[PDB]
Amino acid sequence: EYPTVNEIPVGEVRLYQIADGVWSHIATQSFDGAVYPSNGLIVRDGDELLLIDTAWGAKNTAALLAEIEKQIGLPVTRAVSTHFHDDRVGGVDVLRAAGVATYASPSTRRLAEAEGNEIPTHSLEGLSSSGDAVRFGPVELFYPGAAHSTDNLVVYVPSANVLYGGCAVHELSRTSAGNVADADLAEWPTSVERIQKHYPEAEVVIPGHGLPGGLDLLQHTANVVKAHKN
Ligand SMILES: [Zn+2]
């Protein structure tokens, strides 16, 4: 009953309750001829919501805040973007308009500025070297070296063990690595390992696109990366 690409008209957003006070958001985008689903996270912050990743574009992101309001009723006050690609930063401006404070690592900020994609206002200190981790309200942000992009963050909800992989973790059903335009394929499976090791207590893994699952996604993701490589 996790929503899939075929049940979401582009422009619309679904919320999926992952755990007490942790939801994923799912939306769809035109990409490479195809239509992709894409995931993010919303996490209760005591009094407010912390948002991980935009809904992939202004419209979606508008649709996203509206859906939150109607289903949760708490105010999104902060947003973290896990990499500089448009499915992560696309709609920052809408979030800013909405009074949301946007964050990304300095690394993501540089890389997104260079590409002319929307740029997260604030900078996260403490993530520049691989294996680093900072606490950001109810989540831990972790920088597992380079995988799908050189700046990809992953996110742990310790009060639920929910691991959000971002675009560096593939869904089981997925057979290829993704857009590999900016990937570090050589480093990527080491980076995935750095995640396995740092988060063994993880009960749910959420991938950048597709159905969630368990720690198997990291392994699945590793094989997948190895396989594209020859
Ligand atoms: Zn990407």
# chains A, B, ... in the order shown; residues from 1 in each chain; ligands from 1
>>> residues_near_ligand(ligand="ligand 1", cutoff="9 Å", atoms="only C-alpha atoms and all ligand atoms", output="number ranges by chain")
A: 83-88, 148-149, 152, 166-168, 178-183, 208
>>> residues_around(residues="residue 128 of chain A", least_positions_apart="2", cutoff="8 Å", atoms="only C-alpha atoms", output="ChimeraX atom specification")
/A:105,107,125-126,130,132,143
>>> select_by_dssp(residues="segment 80-187 of chain A", states="strand (DSSP E)", output="PyMOL selection string")
chain A and resi 80+101-104+122-123+132-136+139-143+154-157+162-166
>>> residues_around(residues="residue 174 of chain A", least_positions_apart="4", cutoff="12 Å", atoms="only C-alpha atoms", output="list in words")
residues 169, 170, 178, 207, 208, 209, 210, 211, 212, 217, 220, 221, 222, 223, 224 and 225 of chain A
>>> residues_around(residues="residue 160 of chain A", least_positions_apart="4", cutoff="10 Å", atoms="only C-alpha atoms", output="PyMOL selection string")
chain A and resi 18-22+139+156+201-204
>>> closest_residue(among="A:112, A:72, A:15, A:62", to="residue 49 of chain A", atoms="only C-alpha atoms")
A:72
>>> residues_around(residues="residue 99 of chain A", least_positions_apart="6", cutoff="9 Å", atoms="only C-alpha atoms", output="PyMOL selection string")
chain A and resi 76-78
>>> residues_around(residues="residue 186 of chain A", least_positions_apart="2", cutoff="10 Å", atoms="only C-alpha atoms", output="PDB file with N, CA, C and O atoms, in the first residue's frame")
ATOM      1  N   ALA A 146      31.249   9.501  -1.056  1.00  0.00           N
ATOM      2  CA  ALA A 146      30.584   9.798  -2.329  1.00  0.00           C
ATOM      3  C   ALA A 146      29.926   8.534  -2.889  1.00  0.00           C
ATOM      4  O   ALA A 146      30.488   7.430  -2.820  1.00  0.00           O
ATOM      5  N   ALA A 147      28.733   8.702  -3.446  1.00  0.00           N
ATOM      6  CA  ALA A 147      28.004   7.574  -3.979  1.00  0.00           C
ATOM      7  C   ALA A 147      27.320   8.037  -5.272  1.00  0.00           C
ATOM      8  O   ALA A 147      27.975   8.170  -6.300  1.00  0.00           O
ATOM      9  N   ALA A 183      27.882  10.502 -10.367  1.00  0.00           N
ATOM     10  CA  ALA A 183      28.172   9.458  -9.382  1.00  0.00           C
ATOM     11  C   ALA A 183      29.663   9.186  -9.272  1.00  0.00           C
ATOM     12  O   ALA A 183      30.414   9.396 -10.210  1.00  0.00           O
ATOM     13  N   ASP A 184      30.075   8.701  -8.126  1.00  0.00           N
ATOM     14  CA  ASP A 184      31.393   8.148  -7.987  1.00  0.00           C
ATOM     15  C   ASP A 184      31.245   6.670  -7.829  1.00  0.00           C
ATOM     16  O   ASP A 184      31.129   6.177  -6.752  1.00  0.00           O
ATOM     17  N   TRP A 188      31.353   4.389  -4.626  1.00  0.00           N
ATOM     18  CA  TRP A 188      29.992   4.260  -4.168  1.00  0.00           C
ATOM     19  C   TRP A 188      29.747   3.024  -3.290  1.00  0.00           C
ATOM     20  O   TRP A 188      29.018   3.098  -2.314  1.00  0.00           O
ATOM     21  N   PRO A 189      30.353   1.880  -3.618  1.00  0.00           N
ATOM     22  CA  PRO A 189      29.960   0.749  -2.790  1.00  0.00           C
ATOM     23  C   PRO A 189      30.695   0.736  -1.436  1.00  0.00           C
ATOM     24  O   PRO A 189      30.207   0.160  -0.470  1.00  0.00           O
ATOM     25  N   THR A 190      31.823   1.411  -1.344  1.00  0.00           N
ATOM     26  CA  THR A 190      32.444   1.623  -0.043  1.00  0.00           C
ATOM     27  C   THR A 190      31.557   2.560   0.802  1.00  0.00           C
ATOM     28  O   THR A 190      31.346   2.327   1.996  1.00  0.00           O
ATOM     29  N   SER A 191      31.019   3.597   0.168  1.00  0.00           N
ATOM     30  CA  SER A 191      30.207   4.556   0.859  1.00  0.00           C
ATOM     31  C   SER A 191      28.941   3.902   1.410  1.00  0.00           C
ATOM     32  O   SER A 191      28.489   4.236   2.509  1.00  0.00           O
ATOM     33  N   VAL A 225      25.645  -1.582  -7.940  1.00  0.00           N
ATOM     34  CA  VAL A 225      26.688  -0.676  -8.357  1.00  0.00           C
ATOM     35  C   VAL A 225      27.802  -1.486  -8.968  1.00  0.00           C
ATOM     36  O   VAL A 225      28.160  -1.239 -10.118  1.00  0.00           O
ATOM     37  N   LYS A 226      28.311  -2.474  -8.229  1.00  0.00           N
ATOM     38  CA  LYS A 226      29.300  -3.423  -8.772  1.00  0.00           C
ATOM     39  C   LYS A 226      28.956  -3.816 -10.223  1.00  0.00           C
ATOM     40  O   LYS A 226      29.785  -3.647 -11.119  1.00  0.00           O
ATOM     41  N   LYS A 229      29.477  -1.638 -13.246  1.00  0.00           N
ATOM     42  CA  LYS A 229      30.912  -1.325 -13.327  1.00  0.00           C
ATOM     43  C   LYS A 229      31.787  -2.186 -14.272  1.00  0.00           C
ATOM     44  O   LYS A 229      33.008  -1.947 -14.385  1.00  0.00           O
TER      45      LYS A 229
END
>>> closest_residue(among="A:214, A:131, A:137, A:91", to="residue 117 of chain A", atoms="only C-alpha atoms")
A:91
>>> closest_residue(among="A:144, A:46, A:11, A:200", to="residue 82 of chain A", atoms="only C-alpha atoms")
A:144
>>> select_by_dssp(residues="segment 14-220 of chain A", states="alpha helix (DSSP H)", output="MDAnalysis selection string")
chainID A and resid 58:71 86:89 92:97 106:115 188:198 216:220
>>> residues_around(residues="residue 2 of chain A", least_positions_apart="3", cutoff="12 Å", atoms="only C-alpha atoms", output="PyMOL selection string")
chain A and resi 5-8+14-18+23-27+37+39+206+209-213
>>> write_last_selection(atoms="N, CA and C atoms", output="PDB file, in the first residue's frame")
ATOM      1  N   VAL A   5       4.271   4.882  -8.654  1.00  0.00           N
ATOM      2  CA  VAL A   5       4.300   5.867  -9.719  1.00  0.00           C
ATOM      3  C   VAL A   5       2.978   6.003 -10.485  1.00  0.00           C
ATOM      4  N   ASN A   6       2.213   4.934 -10.514  1.00  0.00           N
ATOM      5  CA  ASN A   6       1.052   4.867 -11.374  1.00  0.00           C
ATOM      6  C   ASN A   6      -0.206   5.379 -10.747  1.00  0.00           C
ATOM      7  N   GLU A   7      -0.148   5.756  -9.465  1.00  0.00           N
ATOM      8  CA  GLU A   7      -1.336   6.166  -8.682  1.00  0.00           C
ATOM      9  C   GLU A   7      -1.191   7.636  -8.307  1.00  0.00           C
ATOM     10  N   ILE A   8      -0.116   8.264  -8.778  1.00  0.00           N
ATOM     11  CA  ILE A   8       0.101   9.669  -8.488  1.00  0.00           C
ATOM     12  C   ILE A   8       0.175  10.521  -9.763  1.00  0.00           C
ATOM     13  N   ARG A  14       1.632  12.273  -2.171  1.00  0.00           N
ATOM     14  CA  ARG A  14       1.116  11.382  -1.147  1.00  0.00           C
ATOM     15  C   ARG A  14       2.010  11.390   0.082  1.00  0.00           C
ATOM     16  N   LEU A  15       1.377  11.261   1.240  1.00  0.00           N
ATOM     17  CA  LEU A  15       2.113  11.046   2.478  1.00  0.00           C
ATOM     18  C   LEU A  15       1.961   9.610   2.953  1.00  0.00           C
ATOM     19  N   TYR A  16       3.067   8.959   3.246  1.00  0.00           N
ATOM     20  CA  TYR A  16       2.967   7.630   3.805  1.00  0.00           C
ATOM     21  C   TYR A  16       3.526   7.582   5.227  1.00  0.00           C
ATOM     22  N   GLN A  17       2.668   7.222   6.200  1.00  0.00           N
ATOM     23  CA  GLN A  17       3.036   7.103   7.644  1.00  0.00           C
ATOM     24  C   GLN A  17       4.052   5.980   7.825  1.00  0.00           C
ATOM     25  N   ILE A  18       5.278   6.299   8.167  1.00  0.00           N
ATOM     26  CA  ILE A  18       6.276   5.252   8.238  1.00  0.00           C
ATOM     27  C   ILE A  18       6.369   4.621   9.651  1.00  0.00           C
ATOM     28  N   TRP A  23       6.956  10.415   8.521  1.00  0.00           N
ATOM     29  CA  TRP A  23       6.322  10.066   7.217  1.00  0.00           C
ATOM     30  C   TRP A  23       7.289  10.154   6.022  1.00  0.00           C
ATOM     31  N   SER A  24       6.955   9.492   4.933  1.00  0.00           N
ATOM     32  CA  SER A  24       7.726   9.728   3.736  1.00  0.00           C
ATOM     33  C   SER A  24       6.811  10.547   2.860  1.00  0.00           C
ATOM     34  N   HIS A  25       7.381  11.351   1.956  1.00  0.00           N
ATOM     35  CA  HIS A  25       6.499  11.989   0.993  1.00  0.00           C
ATOM     36  C   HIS A  25       6.857  11.441  -0.348  1.00  0.00           C
ATOM     37  N   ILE A  26       5.860  11.285  -1.205  1.00  0.00           N
ATOM     38  CA  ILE A  26       6.138  10.670  -2.519  1.00  0.00           C
ATOM     39  C   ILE A  26       5.474  11.466  -3.581  1.00  0.00           C
ATOM     40  N   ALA A  27       6.208  11.741  -4.643  1.00  0.00           N
ATOM     41  CA  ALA A  27       5.670  12.576  -5.735  1.00  0.00           C
ATOM     42  C   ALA A  27       6.321  12.092  -7.024  1.00  0.00           C
ATOM     43  N   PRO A  37       8.945   8.304  -9.659  1.00  0.00           N
ATOM     44  CA  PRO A  37       8.489   8.570  -8.322  1.00  0.00           C
ATOM     45  C   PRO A  37       9.693   9.057  -7.553  1.00  0.00           C
ATOM     46  N   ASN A  39      11.121  10.038  -3.376  1.00  0.00           N
ATOM     47  CA  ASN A  39      10.766  10.012  -1.954  1.00  0.00           C
ATOM     48  C   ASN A  39      11.429  11.089  -1.173  1.00  0.00           C
ATOM     49  N   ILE A 206      14.669   3.730   3.464  1.00  0.00           N
ATOM     50  CA  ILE A 206      13.932   4.377   2.421  1.00  0.00           C
ATOM     51  C   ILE A 206      14.906   4.809   1.358  1.00  0.00           C
ATOM     52  N   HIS A 209      14.233   6.694  -4.668  1.00  0.00           N
ATOM     53  CA  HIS A 209      13.040   6.404  -5.477  1.00  0.00           C
ATOM     54  C   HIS A 209      12.586   5.007  -5.160  1.00  0.00           C
ATOM     55  N   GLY A 210      11.278   4.831  -4.936  1.00  0.00           N
ATOM     56  CA  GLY A 210      10.696   3.518  -4.895  1.00  0.00           C
ATOM     57  C   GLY A 210      10.222   3.051  -3.548  1.00  0.00           C
ATOM     58  N   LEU A 211      10.033   1.758  -3.401  1.00  0.00           N
ATOM     59  CA  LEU A 211       9.530   1.175  -2.193  1.00  0.00           C
ATOM     60  C   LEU A 211      10.533   1.023  -1.088  1.00  0.00           C
ATOM     61  N   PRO A 212      10.106   1.265   0.120  1.00  0.00           N
ATOM     62  CA  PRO A 212      11.011   1.166   1.222  1.00  0.00           C
ATOM     63  C   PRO A 212      11.207  -0.269   1.570  1.00  0.00           C
ATOM     64  N   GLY A 213      12.040  -0.517   2.547  1.00  0.00           N
ATOM     65  CA  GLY A 213      12.427  -1.848   2.903  1.00  0.00           C
ATOM     66  C   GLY A 213      13.386  -1.909   4.041  1.00  0.00           C
TER      67      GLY A 213
END
>>> closest_residue(among="A:185, A:162, A:98, A:74", to="residue 44 of chain A", atoms="only C-alpha atoms")
A:74
>>> closest_residue(among="A:35, A:119, A:43, A:13", to="residue 159 of chain A", atoms="only C-alpha atoms")
A:43
